[PDB]
J.: 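Sharing a structure here in structure tokens format.
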Amino acid sequence: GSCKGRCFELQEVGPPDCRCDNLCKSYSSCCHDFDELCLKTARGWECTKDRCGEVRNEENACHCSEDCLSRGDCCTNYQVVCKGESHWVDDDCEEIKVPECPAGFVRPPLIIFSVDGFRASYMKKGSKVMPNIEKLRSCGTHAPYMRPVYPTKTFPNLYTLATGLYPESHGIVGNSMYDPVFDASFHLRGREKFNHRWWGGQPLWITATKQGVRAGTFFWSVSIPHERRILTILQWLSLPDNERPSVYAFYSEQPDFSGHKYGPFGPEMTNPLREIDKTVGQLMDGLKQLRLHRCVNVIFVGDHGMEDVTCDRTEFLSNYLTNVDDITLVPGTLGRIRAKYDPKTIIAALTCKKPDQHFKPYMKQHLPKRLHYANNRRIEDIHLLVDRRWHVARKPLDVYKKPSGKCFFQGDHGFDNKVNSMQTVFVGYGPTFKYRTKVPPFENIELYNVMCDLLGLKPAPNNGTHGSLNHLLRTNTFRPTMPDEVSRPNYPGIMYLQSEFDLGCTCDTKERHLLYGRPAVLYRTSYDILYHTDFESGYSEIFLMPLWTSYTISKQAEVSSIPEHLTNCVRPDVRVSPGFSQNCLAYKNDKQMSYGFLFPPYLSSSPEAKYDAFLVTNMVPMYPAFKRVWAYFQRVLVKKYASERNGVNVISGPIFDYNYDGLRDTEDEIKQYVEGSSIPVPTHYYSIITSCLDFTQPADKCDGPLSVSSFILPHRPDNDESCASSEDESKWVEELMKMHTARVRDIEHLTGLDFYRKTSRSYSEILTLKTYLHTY
Ligand SMILES: CC(C)CCC[C@@H](C)[C@H]1CC[C@H]2[C@@H]3[C@H](O)C=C4C[C@@H](O)CC[C@]4(C)[C@H]3CC[C@]12C
Ligand SMILES: *[C@@H]1O[C@H](CO)[C@@H](O[C@@H]2O[C@H](CO)[C@@H](O)[C@H](O)[C@H]2NC(C)=O)[C@H](O)[C@H]1NC(C)=O
Ligand SMILES: CCCCCc1cc(O)c2c(c1)OC(C)(C)[C@@H]1CC[C@@H](C)C[C@H]21
Ligand SMILES: [Ca+2]
Ligand SMILES: [Zn+2]
Ligand SMILES: [Zn+2]
């Protein structure tokens with residue numbers, strides 16, 4: 001019934017037994033003397049010279065007695081004030097080429113220092129403001145920014161960091177959510193979040209325990225001062241080998257709290273940042289005191305950024321909907337709508353109704369695929385993507401203001417995760433991280449694999465690309481290998497005569513076009529390689545269209561028209577059986593479906609070669625509304641990119657994701673066909689556009705690193721997503737494409753293909769390339 005000698009113990013305790021641990025306050029379970037014994041604060045957190053050599057007083061928050069080093073409970077500045085040592089931050093950067101750990105350490109510990117709402121740009125404040133953090137950043141490995149997941153809220157991003165999973169897979173899809181199977185709601189405040197039923201995946205602290213690596217408790221009741229959290233981690237590090245954890249986590253609620261109150265830009269943000277730096281300094285001073293400052297790996301990481309948002313920039317559903325009292329809204333920097341009613345009516349009422357409307361409604365299946373925010377029963381079908389700096393609310397009455405008329409907050413977050421203000425920080429420091437090294441920005445889903453590597457753990461299955469972050473680490477125990485191709489292509493010659501085709505249609509070396517090798521098909525299927533003067537394709541005899549079409553456009557390439565006599569021309573391909581070709585009469589009978597081509601006739605190298613572009617094996621089903629988008633991309637944008645990037649290689653193709661799980665559909669999952677036909681209708685079309693990062697070299701003669709931009713365009717029968725679509729395509733199509741930017745890895749998941757298999761680059765480098773997102 002007493003916490004004597006068990007303050008912040010690692011041994012778990014059950015009810016009704018009173019507890020003395022990190023979370024006993026959060027479970028209303030602390031022993032009567034927890035606050036007295038474990039939350040001491042007398043004399044503060046810093047030794048002073050007058051305290052050096054004191055007789056131990058068990059009342060003090062920390063100790064400066066000669067016995068404190070053996071007891072493991074000195075104040076973090078004890079050796080500086082009492083033994084003449086230097087603060088860690090005052091010491092010169094020295095490379096840590098191998099760990100320097102006490103005998104009996106079996107691995108270098110990992111300490112995760114997480115900060116809430118730490119915007120990437122805050123790092124541009126001085127060593128003046130954050131000298132300890134700046135030394136970690138400059139001496140260790142850092143990225144200019146780390147990209148959070150959507151929504152850019154605390155619980156989804158912390159749990160993604162811990163699991164390597166998109167929120168739709170780990171289940172924490174918001175700070176609040178409703179689960180219809182549970183018939184219950186989850187909120188940041190309250191006891192519901194403590195129920196294990198909500199939490200999927202396998203977080204780092206569980207992966208470690210299952211594999212025999214002890215974790216310190218990652219979570220801290222708000223009642224525990226930051227200084228005491230640091231001292232507790234330092235005390236655990238002095239435990240004996242059979243008890244000492246290998247992995248630890250510190251969490252700070254700052255700078256998120258002051259960011260909400262004052263916004264991200266005020267001078268008021270300086271002192272919160274100074275206080276975080278002071279806490280980092282206590283940790284590093286304390287590690288140096290224990291001679292562990294060249295043994296431990298430290299990660300300084302944020303969950304999301306912070307944007308300028310005031311209650312004066314709020315859109316109200318009551319200005320759009322006939323009755324907002326038959327709906328429930330998750331409001332704020334995003335919107336989720338459910339019935340408290342008809343979805344199609346609601347979407348229409350929210351679509352391009354006011355000139356500068358500051359949100360856009362989506363059925364969740366139509367959200368940009370890069371958000372990976374659909375495949376979970378907790379994600380409402382109706383979603384509102386809110387413009388940065390804005391809020392959406394149900395009615396004007398939901399906006400609260402002070403008596404003076406000013407809002408209660410000036411900052412918020414939650415927006416689209418490619419928004420610059422939502423980016424956050426990553427620094428890694430220690431023997432296993434690289435020395436004085438800058439790495440490209442990366443997504444927070446990748447970090448779980450790295451933390452597993454740092455601890456010698458086998459990661460649970462996750463959404464990271466293991467290997468894509470090897471360049472962060474000085475020593476790699478994981479070496480990725482390219483997946484073996486599952487299906488091998490056929491190379492069919494001239495097989496049939498034109499007169500053998502049914503078929504409804506009427507019409508009046510490959511060193512150049514496959515620059516990085518043939519894509520590997522990673523599932524069983526039947527497909528043909530087809531060569532042409534201007535493009536190469538892998539044609540699926542199962543889906544009756546190419547899985548991929550590859551072609552290279554030089555800087556000097558000319559765009560030409562489709563001659564009038566060829567406007568409706570479609571030609572049989574004598575290499576491919578009539579039984580494995582599309583049927584032109586199907587498109588005539590489908591009044592709502594037209595077709596387009598994957599290699600564009602506009603980019604043919606000659607009038608003779610243009611006929612190849614009209615082969616039935618180059619044709620794909622396209623809604624007339626989508627053809628406006630695709631024709632502009634094909635006729636205008638490809639040439640633009642080629643002219644800007646010193647040539648481009650393009651790989652385009654279809655995607656089928658009817659169950660919106662981000663993975664290629666099986667034939668049985670396809671829910672729409674061209675009417676009366678076996679021709680499946682894609683849900684999306686992709687394109688991957690590659691050139692030389694060194695733009696002084698043409699795309700086809702690139703010696704070094706590659707540059708890539710890709711897209712996954714929704715194949716929709718209207719352009720309701722584009723409020724300016726009544727105008728010329730030059731006014732809206734490129735904005736649509738930028739919203740639907742994607743990683744090559746995203747396309748690989750959705751197609752079952754593997755790209756960049758034949759290059760001069762290391763596989764590690766290619767994995768980094770495949771996880772790149774061009775954000776615009
Ligand atoms: C009130 C705050 C200060 C702290 C709230 C912490 C709460 C979210 C934490 C406390 C214990 C956590 C669970 C615990 O680690 C057991 C697991 C196993 C894992 O397999 C799934 C996650 C889960 C349920 C943790 C979820 C987060 C919890 C509830
Ligand atoms: C993200 O990672 C998860 C975990 O590996 C993937 O979900 C797994 O998907 C397989 C294949 O469908 C299922 O058998 C498992 O049940 C899933 N596990 C979990 C925990 O979700 C998911 O497909 C990945 N997402 C993307 C877009 O690739
Ligand atoms: C995996 C390495 C990086 C971070 C680990 C970590 C530490 C945490 O403290 C928390 C994490 C994650 O995620 C959840 C559980 C959603 C939390 C919700 C409440 C907050 C007060 C603290 C929490
Ligand atoms: Ca699918
Ligand atoms: Zn947060
Ligand atoms: Zn916040």
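In what follows, residues are counted from 1 in the order of the sequence shown. Below, each value reflects all heavy atoms present in this structure, side chains not excepted, and no hydrogens, waters or symmetry copies. Ligands are counted one by one from 1 in listed order, and the atoms in each one are counted from 1 as well.
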J.: So which heavy atom in the protein is nearest atom 13 (O) of ligand 3, and how far is it from that ligand atom?
T.: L158 CB, 3.3 Å
J.: Quick one: do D21 and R19 make a salt bridge, cutoff under 4.0 Å?
T.: yes
J.: Verify the contact flag for atom 17 (C) of ligand 2, where contact means a protein heavy atom under 4.0 Å away.
T.: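 There is no protein heavy atom less than 4.0 Å from atom 17 (C) of ligand 2.
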J.: With a 4.0 Å cut-off, strictly under, does atom 9 (O) of ligand 2 pick up any protein heavy atom?
T.: no
J.: Could you find the nearest protein heavy atom to atom 5 (C) of ligand 3 and give me its residue, atom name and distance?
T.: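 So the nearest neighbour among protein heavy atoms is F218 CD2, 3.8 Å.
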J.: To which protein heavy atom is atom 16 (C) of ligand 3 closest, and what is the distance rounded to 0.1 Å?
T.: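 The closest one turns out to be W199 CZ3, 3.6 Å.
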J.: Any chance the SGs on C20 and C7 are under 2.5 Å from each other?
T.: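 No; the two sulfurs sit 2.5 Å or more apart.
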J.: So if I count the atoms of ligand 3 from 1 in the order they appear, which ones are less than 4.0 Å from some heavy atom of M451?
T.: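 Counting from 1, the qualifying ligand atoms are 1 (C), 2 (C).
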J.: When you look for heavy atoms under 4.0 Å from ligand 2, do you find them on the side chain of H170, its backbone, both, or neither?
T.: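 The answer is neither; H170 stays 4.0 Å or more away.
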J.: Identify, for atom 22 (C) of ligand 2, the protein heavy atom at the shortest distance, and state residue, atom and that distance.
T.: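 Protein heavy atom at minimum distance: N463 ND2, 3.8 Å.
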J.: Kindly check if the number of other-residue, nucleotide or ligand heavy atoms within 6.0 Å of CZ (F194) is above 12?
T.: yes
J.: Are the aromatic rings of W236 and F8 close, with centres under 6.0 Å apart?
T.: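 Judged by ring-centre distance (under 6.0 Å), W236 and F8 do not meet the cut-off.
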J.: Among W205, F219, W220, whose heavy atom sits nearest atom 10 (C) of ligand 3?
T.: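 Heavy atom nearest to atom 10 (C) of ligand 3 belongs to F219.
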J.: Give me the nearest non-hydrogen protein atom to atom 1 (C) of ligand 3 as residue plus atom name, then the distance to 0.1 Å.
T.: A162 CA, 3.1 Å
J.: Do any non-hydrogen protein atoms sit less than 4.0 Å from atom 3 (C) of ligand 2?
T.: yes
J.: Angle at the Ca ion (ligand 4): provide the value between OD1 of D665 and OD1 of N659, rounding to 10 degrees.
T.: 90°
J.: If you measure from the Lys or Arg side-chain nitrogens to the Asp or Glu carboxylate oxygens, is any gap between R745 and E748 under 4.0 Å?
T.: yes
J.: Sub-3.5 Å donor-acceptor pair from the side chain of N297 to the main-chain atoms of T432, do we have one?
T.: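 Yes.
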J.: Run the contact test for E253 against ligand 3 with a 4.0 Å cut-off on heavy atoms, strictly below, and give the result.
T.: no
J.: Under 6.0 Å from the ring centre and within 45 degrees of the ring axis: does the NZ or CZ of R244 meet both conditions for the six-membered ring of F105?
T.: yes
J.: How about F219 and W205: are their ring centroids closer than 6.0 Å?
T.: yes
J.: State plainly whether the residues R716 and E721 are in salt-bridge range, i.e. N to O under 4.0 Å.
T.: no
J.: What do we get for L663 next to ligand 2 when only non-hydrogen atoms under 4.0 Å count, side chain, backbone, both or neither?
T.: side chain
J.: Quick one: nearest non-hydrogen protein atom to atom 3 (C) of ligand 3, plus distance?
T.: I112 CG2, 3.6 Å
J.: In ligand 2, which numbered atoms sit nearer than 4.0 Å to a non-hydrogen atom of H372?
T.: 27 (C)
J.: Can you name the one residue among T154, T424, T333, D303 that meets side chain to side chain contact (heavy atoms under 4.5 Å, CB included) with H413?
T.: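 Testing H413 for a side chain to side chain contact (heavy atoms under 4.5 Å, CB included) against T154, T424, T333, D303 leaves exactly one candidate, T154.
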J.: Would you call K278-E227 a salt bridge at under 4.0 Å N-O?
T.: no
J.: Checking contacts now, so for atom 25 (N) of ligand 2, which I'm interested in, is there any protein heavy atom under 4.0 Å?
T.: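 Yes; the ligand atom in question has protein heavy-atom contact below 4.0 Å.
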J.: For the Ca ion (ligand 4), does an N/O/S atom of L663 lie at less than 3.0 Å?
T.: yes
J.: Just need the protein heavy atom nearest to atom 5 (O) of ligand 2, so name the residue and atom and give the distance.
T.: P461 CB, 3.5 Å
J.: Strictly below 4.0 Å, N to O, side chains only: are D657 and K369 in salt-bridge contact?
T.: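 A salt bridge links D657 with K369.
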J.: Could you walk me through whether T207 and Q211 pass the side-chain hydrogen bond (donor to acceptor under 3.5 Å, both in side chains) test, one step at a time?
T.: CA-CA 6 Å; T207 305; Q211 290 178 48; 5.5 Å; no
J.: Ignoring hydrogens, tell whether any protein atom lies closer than 4.0 Å to atom 13 (C) of ligand 2; use the non-hydrogen atoms only.
T.: no
J.: What is the nearest protein non-hydrogen atom to atom 19 (C) of ligand 2, stated with its residue, atom name and distance?
T.: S169 CB, 4.9 Å
J.: So which of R147, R370, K418, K770 actually passes salt bridge (charged side-chain N to carboxylate O under 4.0 Å, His left out) with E443?
T.: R147
J.: Atoms of ligand 2 less than 4.0 Å from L165 heavy atoms?
T.: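 Listed by number with element, the hits are 2 (O), 3 (C), 4 (C).
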J.: Looking only at protein heavy atoms, which one is nearest to atom 21 (C) of ligand 3, and how far off is it?
T.: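 Going atom by atom, the protein heavy atom closest to atom 21 (C) of ligand 3 ends up being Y251 CE2, 3.9 Å.
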J.: Only to 10 degrees, please: what angle do the OD1 atom of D661 and the OD1 atom of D657 make about the Ca ion (ligand 4)?
T.: 80°
J.: Evaluate whether atom NZ of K364 has more than 12 neighbouring non-hydrogen atoms of other residues, nucleotides or ligands under 6.0 angstrom away.
T.: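 Yes, enclosed.
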J.: Counting only nitrogen or oxygen atoms and a 3.5 angstrom limit, does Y166 reach ligand 2?
T.: no
